[PDB]
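What follows is one structure encoded as structure tokens, with my remarks underneath.
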Amino acid sequence: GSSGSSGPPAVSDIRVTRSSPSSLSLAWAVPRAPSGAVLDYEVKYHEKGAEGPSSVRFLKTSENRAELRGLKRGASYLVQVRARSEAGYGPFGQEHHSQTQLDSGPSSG
């Protein structure tokens, strides 16, 4: 184990509901912090083929859910949700990939 943690545990079980072509709502499961409790969260989403600090966007939310807007439907997007605690900014949870599918009537079988 690492002596002296920086923040909360890397957000996990990140489910995405209410999908959309020009928007993507994200929601994680209130993770257990090694101290006190979580405060806010950050969502970093940047196309899967760009460079530069500006290219990537940032979203500050005080909840465990966010609603992204204006996005390139279909184009893969690497989103990362991190939690912030009294200690400090925690490590970005395990990479998260959306579906942003384009189908209408999916066959289950």
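Letters A, B, ... go to the chains of the structure tokens in the order shown; residues in each chain start at 1; ligands are counted from 1 in the same order.
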
| message | I want to know what sits within 6 Å of stretch 39-56 of chain A, based on only C-alpha atoms, with residues of the same chain fewer than 5 positions away left out; could you give that as a PyMOL selection string? | response | chain A and resi 61-62+76-85

| said: Using DSSP assignments from the backbone, pull out every residue in chain A that falls under strand (DSSP E or B) and give it to me as a ChimeraX atom specification. | reply: /A:15-20,23-27,40-47,57-61,65-69,77-84,89,96-97

| query | Mind pulling up the distance from atom CA of residue A:67 to atom CA of residue A:35? | reply |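 Rounded to one decimal, the two atoms are 27.7 Å apart.
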
| Nearest to residue A:100, chosen from A:87, A:75, A:33, A:27, with only C-alpha atoms counted in the distances |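 Using only C-alpha atoms, the shortest distance to residue A:100 belongs to A:75.
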
| query | So, counting only C-alpha atoms, which residue among A:6, A:64, A:108, A:22 is closest to residue A:90? | reply | A:6

If we count only C-alpha atoms, what is near residue A:31 at a cut-off of 10 Å, once residues fewer than 4 positions away on the same chain are taken out, given as a PDB file with N, CA, C and O atoms, in the first residue's frame?
ATOM      1  N   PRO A   8      -9.560  10.568  -2.399  1.00  0.00           N
ATOM      2  CA  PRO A   8     -10.483   9.430  -2.403  1.00  0.00           C
ATOM      3  C   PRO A   8     -10.095   8.372  -3.432  1.00  0.00           C
ATOM      4  O   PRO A   8      -9.225   8.584  -4.277  1.00  0.00           O
ATOM      5  N   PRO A   9     -10.756   7.207  -3.362  1.00  0.00           N
ATOM      6  CA  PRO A   9     -10.498   6.095  -4.281  1.00  0.00           C
ATOM      7  C   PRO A   9     -10.973   6.391  -5.699  1.00  0.00           C
ATOM      8  O   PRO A   9     -12.028   6.994  -5.896  1.00  0.00           O
ATOM      9  N   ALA A  10     -10.188   5.964  -6.683  1.00  0.00           N
ATOM     10  CA  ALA A  10     -10.532   6.181  -8.082  1.00  0.00           C
ATOM     11  C   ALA A  10     -11.971   5.766  -8.367  1.00  0.00           C
ATOM     12  O   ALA A  10     -12.315   4.587  -8.285  1.00  0.00           O
ATOM     13  N   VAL A  11     -12.809   6.743  -8.699  1.00  0.00           N
ATOM     14  CA  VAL A  11     -14.213   6.478  -8.996  1.00  0.00           C
ATOM     15  C   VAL A  11     -14.368   5.219  -9.840  1.00  0.00           C
ATOM     16  O   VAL A  11     -13.640   5.017 -10.813  1.00  0.00           O
ATOM     17  N   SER A  12     -15.321   4.373  -9.462  1.00  0.00           N
ATOM     18  CA  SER A  12     -15.571   3.131 -10.183  1.00  0.00           C
ATOM     19  C   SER A  12     -17.057   2.969 -10.490  1.00  0.00           C
ATOM     20  O   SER A  12     -17.877   3.797 -10.094  1.00  0.00           O
ATOM     21  N   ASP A  13     -17.394   1.897 -11.197  1.00  0.00           N
ATOM     22  CA  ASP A  13     -18.781   1.625 -11.557  1.00  0.00           C
ATOM     23  C   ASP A  13     -19.458   2.880 -12.100  1.00  0.00           C
ATOM     24  O   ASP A  13     -20.507   3.294 -11.605  1.00  0.00           O
ATOM     25  N   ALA A  37     -15.607  12.782   3.936  1.00  0.00           N
ATOM     26  CA  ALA A  37     -16.471  12.438   2.814  1.00  0.00           C
ATOM     27  C   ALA A  37     -16.132  13.270   1.583  1.00  0.00           C
ATOM     28  O   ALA A  37     -15.513  14.330   1.689  1.00  0.00           O
ATOM     29  N   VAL A  38     -16.539  12.785   0.415  1.00  0.00           N
ATOM     30  CA  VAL A  38     -16.278  13.486  -0.837  1.00  0.00           C
ATOM     31  C   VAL A  38     -16.915  14.871  -0.835  1.00  0.00           C
ATOM     32  O   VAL A  38     -17.889  15.117  -0.123  1.00  0.00           O
ATOM     33  N   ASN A  64     -22.621  13.626  -7.761  1.00  0.00           N
ATOM     34  CA  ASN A  64     -22.091  12.413  -8.374  1.00  0.00           C
ATOM     35  C   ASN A  64     -22.721  12.174  -9.742  1.00  0.00           C
ATOM     36  O   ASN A  64     -22.848  11.033 -10.189  1.00  0.00           O
ATOM     37  N   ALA A  83     -12.851  12.371  -7.935  1.00  0.00           N
ATOM     38  CA  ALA A  83     -13.494  12.894  -6.736  1.00  0.00           C
ATOM     39  C   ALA A  83     -12.538  13.778  -5.941  1.00  0.00           C
ATOM     40  O   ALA A  83     -11.329  13.548  -5.932  1.00  0.00           O
TER      41      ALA A  83
END

| task | Tell me which of A:60, A:72, A:97, A:65 sits closest to residue A:26, counting only C-alpha atoms. | result |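 Smallest distance to residue A:26 is found for A:65.
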
| Shell of 9 Å around residue A:69, only C-alpha atoms, local chain residues under 3 positions omitted, as a PyMOL selection string | chain A and resi 20-25

Go ahead and dump the residues you just picked, C-alpha atoms, as a JSON list (two decimals), in the first residue's frame.
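This went into selection.json:
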[["chain", "number", "residue", "atom", "x", "y", "z"],
["A", 20, "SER", "CA", -27.79, 11.63, -26.45],
["A", 21, "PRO", "CA", -26.14, 12.73, -29.72],
["A", 22, "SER", "CA", -25.15, 16.17, -28.43],
["A", 23, "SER", "CA", -25.12, 15.29, -24.73],
["A", 24, "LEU", "CA", -24.10, 12.52, -22.33],
["A", 25, "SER", "CA", -25.22, 12.25, -18.71]]

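We find atom CA of residue A:29 and atom CA of residue A:57 to be spaced 22.6 Å apart.
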